[PDB]
Amino acid sequence: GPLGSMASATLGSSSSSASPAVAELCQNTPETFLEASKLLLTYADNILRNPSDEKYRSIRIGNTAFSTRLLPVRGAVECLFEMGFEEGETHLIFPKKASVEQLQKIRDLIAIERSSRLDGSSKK
């Protein structure tokens, strides 16, 4: 009989300004990274929105949910530490050495990815 088989492949292109945290996090899971990163994005939003306000240089996170799925999670801890954060006891502190311009640049990737994962035909 007639025999014959083939294969395929992909290229890859979408990352605006790099995205190391995305790749490192993806090592765990797509859905997990999206949610695990979502929280980090929201926290950075405050600093990015009001970087001059030293009062917003800190991020409260006493929610037991964080200690349940955010601390022991592989990717989130390294993400904040690598990006430019400080793991506290009850809340996280924003290092003055951290680059807000960089956080936003990379944050844009997750911001758009959030809606891309929804695929529910809608916006924020």
# chains A, B, ... in the order shown; residues from 1 in each chain; ligands from 1

call {"tool": "closest_atom_pairs", "arguments": {"of": "range 52-100 of chain A", "to": "range 12-23 of chain A", "cutoff": "9 Å", "atoms": "only C-alpha atoms", "output": "JSON lines"}}
result
{"residue": "A:75", "atom": "CA", "partner": "A:21", "partner_atom": "CA", "distance": 7.9}
{"residue": "A:76", "atom": "CA", "partner": "A:21", "partner_atom": "CA", "distance": 9.0}
{"residue": "A:78", "atom": "CA", "partner": "A:21", "partner_atom": "CA", "distance": 8.4}
{"residue": "A:79", "atom": "CA", "partner": "A:21", "partner_atom": "CA", "distance": 5.9}
{"residue": "A:82", "atom": "CA", "partner": "A:21", "partner_atom": "CA", "distance": 8.1}
{"residue": "A:83", "atom": "CA", "partner": "A:21", "partner_atom": "CA", "distance": 8.1}

call {"tool": "write_last_selection", "arguments": {"atoms": "N, CA and C atoms", "output": "compact mmCIF listing (two decimals), in the first residue's frame"}}
result
# COMPACT_ATOMS: atom_id res chain seq x y z
N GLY A 75 8.95 30.07 40.63
CA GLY A 75 8.87 31.03 39.54
C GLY A 75 8.50 32.42 40.02
N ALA A 76 7.54 32.49 40.94
CA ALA A 76 7.10 33.77 41.48
C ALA A 76 8.19 34.41 42.34
N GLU A 78 11.44 33.82 42.39
CA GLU A 78 12.58 34.19 41.56
C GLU A 78 12.23 35.36 40.65
N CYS A 79 10.96 35.45 40.27
CA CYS A 79 10.50 36.53 39.40
C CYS A 79 10.65 37.88 40.08
N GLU A 82 14.38 38.54 40.90
CA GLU A 82 15.10 38.85 39.67
C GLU A 82 14.68 40.21 39.12
N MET A 83 13.37 40.46 39.11
CA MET A 83 12.84 41.72 38.61
C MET A 83 13.33 42.89 39.46

call {"tool": "select_by_dssp", "arguments": {"residues": "chain A", "states": "strand (DSSP E)", "output": "JSON, numbers by chain"}}
result
{"A": [58, 59, 60, 91, 92, 93]}

call {"tool": "write_last_selection", "arguments": {"atoms": "N, CA and C atoms", "output": "PDB file, in the first residue's frame"}}
result
ATOM      1  N   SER A  58       5.663  50.005  49.180  1.00  0.00           N
ATOM      2  CA  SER A  58       5.456  48.707  49.811  1.00  0.00           C
ATOM      3  C   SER A  58       4.175  48.054  49.303  1.00  0.00           C
ATOM      4  N   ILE A  59       4.120  46.730  49.388  1.00  0.00           N
ATOM      5  CA  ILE A  59       2.951  45.985  48.938  1.00  0.00           C
ATOM      6  C   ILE A  59       2.494  44.985  49.996  1.00  0.00           C
ATOM      7  N   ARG A  60       1.302  45.210  50.538  1.00  0.00           N
ATOM      8  CA  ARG A  60       0.750  44.330  51.562  1.00  0.00           C
ATOM      9  C   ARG A  60       0.259  43.022  50.947  1.00  0.00           C
ATOM     10  N   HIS A  91       4.496  41.459  54.212  1.00  0.00           N
ATOM     11  CA  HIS A  91       4.358  42.268  53.007  1.00  0.00           C
ATOM     12  C   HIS A  91       5.692  42.380  52.271  1.00  0.00           C
ATOM     13  N   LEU A  92       5.631  42.752  50.999  1.00  0.00           N
ATOM     14  CA  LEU A  92       6.832  42.895  50.185  1.00  0.00           C
ATOM     15  C   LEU A  92       7.222  44.363  50.042  1.00  0.00           C
ATOM     16  N   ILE A  93       8.523  44.627  50.040  1.00  0.00           N
ATOM     17  CA  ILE A  93       9.028  45.989  49.906  1.00  0.00           C
ATOM     18  C   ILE A  93       9.668  46.207  48.540  1.00  0.00           C
TER      19      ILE A  93
END

call {"tool": "select_by_dssp", "arguments": {"residues": "range 9-94 of chain A", "states": "helix (DSSP H, G or I)", "output": "number ranges by chain"}}
result
A: 20-26, 30-49, 54-56, 64-68, 76-83

call {"tool": "atom_distance", "arguments": {"atom1": "CA of residue 117 in chain A", "atom2": "CA of residue 63 in chain A"}}
result
24.8 Å

call {"tool": "closest_residue", "arguments": {"among": "A:35, A:5, A:26, A:51", "to": "residue 115 in chain A", "atoms": "only C-alpha atoms"}}
result
A:35

call {"tool": "atom_distance", "arguments": {"atom1": "CA of residue 47 in chain A", "atom2": "CA of residue 94 in chain A"}}
result
8.2 Å

call {"tool": "atom_distance", "arguments": {"atom1": "CA of residue 103 in chain A", "atom2": "CA of residue 41 in chain A"}}
result
8.7 Å

call {"tool": "residues_around", "arguments": {"residues": "residue 107 in chain A", "least_positions_apart": "4", "cutoff": "9 Å", "atoms": "only C-alpha atoms", "output": "list in words"}}
result
residues 40, 41, 44, 45, 102, 103, 111 and 112 of chain A

call {"tool": "residues_around", "arguments": {"residues": "residue 69 in chain A", "least_positions_apart": "2", "cutoff": "12 Å", "atoms": "only C-alpha atoms", "output": "PyMOL selection string"}}
result
chain A and resi 32-33+35-37+39+63-67+71-77

call {"tool": "write_last_selection", "arguments": {"atoms": "N, CA and C atoms", "output": "compact mmCIF listing (two decimals), in the first residue's frame"}}
result
# COMPACT_ATOMS: atom_id res chain seq x y z
N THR A 32 -0.45 28.37 35.48
CA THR A 32 0.10 28.69 36.79
C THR A 32 0.93 29.97 36.73
N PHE A 33 1.71 30.12 35.67
CA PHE A 33 2.55 31.30 35.50
C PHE A 33 1.70 32.55 35.27
N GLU A 35 -1.38 33.17 36.32
CA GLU A 35 -2.00 33.57 37.57
C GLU A 35 -0.95 34.01 38.59
N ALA A 36 0.12 33.22 38.70
CA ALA A 36 1.20 33.52 39.63
C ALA A 36 1.86 34.85 39.29
N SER A 37 1.84 35.20 38.01
CA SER A 37 2.45 36.45 37.55
C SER A 37 1.44 37.60 37.63
N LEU A 39 -0.61 38.44 39.97
CA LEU A 39 -0.48 39.13 41.25
C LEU A 39 0.69 40.10 41.23
N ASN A 63 -2.85 38.01 52.80
CA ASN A 63 -3.80 36.99 52.36
C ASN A 63 -3.18 35.60 52.45
N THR A 64 -3.83 34.71 53.19
CA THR A 64 -3.35 33.34 53.35
C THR A 64 -3.14 32.67 52.00
N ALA A 65 -3.88 33.13 50.99
CA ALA A 65 -3.77 32.58 49.65
C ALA A 65 -2.36 32.72 49.10
N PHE A 66 -1.69 33.81 49.49
CA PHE A 66 -0.33 34.07 49.03
C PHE A 66 0.63 33.02 49.58
N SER A 67 0.50 32.70 50.86
CA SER A 67 1.36 31.72 51.50
C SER A 67 1.02 30.31 51.03
N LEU A 71 4.22 31.73 47.57
CA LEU A 71 5.53 31.67 48.22
C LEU A 71 6.29 30.42 47.79
N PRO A 72 5.72 29.24 48.10
CA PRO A 72 6.33 27.96 47.76
C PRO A 72 6.31 27.69 46.26
N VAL A 73 5.64 28.56 45.51
CA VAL A 73 5.54 28.42 44.06
C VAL A 73 6.89 28.67 43.40
N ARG A 74 7.25 27.82 42.45
CA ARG A 74 8.51 27.95 41.73
C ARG A 74 8.36 28.88 40.53
N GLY A 75 8.95 30.07 40.63
CA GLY A 75 8.87 31.03 39.54
C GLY A 75 8.50 32.42 40.02
N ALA A 76 7.54 32.49 40.94
CA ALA A 76 7.10 33.77 41.48
C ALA A 76 8.19 34.41 42.34
N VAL A 77 8.74 33.63 43.26
CA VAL A 77 9.79 34.12 44.14
C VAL A 77 10.99 34.63 43.35
